[PDB]
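Here we start with a single chain on its own, the form deposited in one PDB entry, put down as C-alpha cells.
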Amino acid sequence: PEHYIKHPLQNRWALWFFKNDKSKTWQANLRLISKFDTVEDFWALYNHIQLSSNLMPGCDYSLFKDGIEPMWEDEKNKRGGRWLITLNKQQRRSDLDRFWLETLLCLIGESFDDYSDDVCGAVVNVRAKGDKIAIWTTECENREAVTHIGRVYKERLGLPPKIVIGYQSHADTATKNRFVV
C-alpha cells in the first residue's frame, strides 16, 4: 500500500464559496465547489483555486465537514460559536493567506486531538473594512473543548500571548466574548 495509495483524511470535507451579488438571496450566493477526503485531493483542490487575497470584496471561502453546511441554522452549528481572528487592512498582504492555509491544515490534519469532533469547519471573509477568519465549533457550553481548540489554534497561527482572540456563539452574534485565549 505504501507505494500507490493516497493518504486518507479522517473526515470528508467540502469547500464552499459565497459570492457577493446582493440582488440575489443569501441561499443562492452560497454554492458548493468540491469535496475531498485525502491529502493529495486537497492539494489538487487548493492548488488551482484563488488565494483569499485575490477575491473580490464581500466573498467567502468555507471548509466544512461533509454534511454540515456553513450556516449557523445547521443542526451542528445552532448551539455553536466561533473563534474569531480579526485582521486589519495591512494584514491582507502579510497574514491573510498564510493564516488561511494554516487553518485548513489544522482542520484536515485533525490537530485539536481529543476534541476534533467538536470542530465543524472554518470561514474566511474577504472584506474592505477588515478580513476575518473563524473556526466554528459545535457547542458553546463545552468549556473544556472550546478552550482547548482556541489554544491549539492560537499556538498554530503563531500568535504571542500579547494577542487575545475572542470566541462568540452564533446566538450572541445573531442577537461579547464567551471566552478569550
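A residue's number is simply how far along the shown sequence it sits, counting from 1. Basically, rigid core = biggest C-alpha set you can superpose within 1.5 Å across the two forms.
J.: I'd like to know the size of any gap between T175 and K176, counted in deposited residues with no coordinates: none, 1 to 3, 4 to 9, or 10 or more.
T.: Unmodelled stretch: 4 to 9 residues.
J.: Comparing 44-52 with 123-131, which stretch shows the greater average C-alpha B-factor in the deposited entry?
T.: For C-alpha atoms only, the mean B-factor is higher in 123-131.
J.: Where do the C-alpha atoms have the higher mean temperature factor in this entry, in 92-100 or in 73-81?
T.: Mean B over CA atoms: larger for 73-81.
J.: Return the residue from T38, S34, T138, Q27 that has the highest Cα B-factor in the entry.
T.: Answer for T38, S34, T138, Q27: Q27, with the highest C-alpha B-factor.
J.: For the chain shown, is the CA B-factor of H170 in the lowest, middle or highest third of its modelled residues?
T.: It belongs to the middle third of the chain when residues are ordered by C-alpha B-factor.
J.: How does the C-alpha B factor of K65 compare with the rest of the chain: lowest, middle or highest third?
T.: Lowest third - that is where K65 ends up once the chain's C-alpha B-factors are sorted.
One more form of this protein, deposited in another entry, exists but is not displayed; see below.
J.: Quick one: with the rigid core lined up, which of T38, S34, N142, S53 moves its CA 2 Å or more between the shown form and the other one?
T.: Result of the superposition: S53 is the only one at 2 Å or more.
J.: Does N20 shift between the shown form and the other one by 2 angstroms or more at the C-alpha, the core having been superposed?
T.: Yes, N20 moves 2 Å or more.
J.: Using the form shown as baseline, tell whether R31 and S53 are closer or farther in Cα-Cα distance in the other entry, where the change reaches 3 Å or more.
T.: Their C-alpha distance shrinks by at least 3 Å in the other entry.
J.: Distance change of 3 Å or more between the C-alpha atoms of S34 and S53 in the other entry: closer or farther compared with this structure?
T.: Those two alpha carbons end up closer in the other entry.
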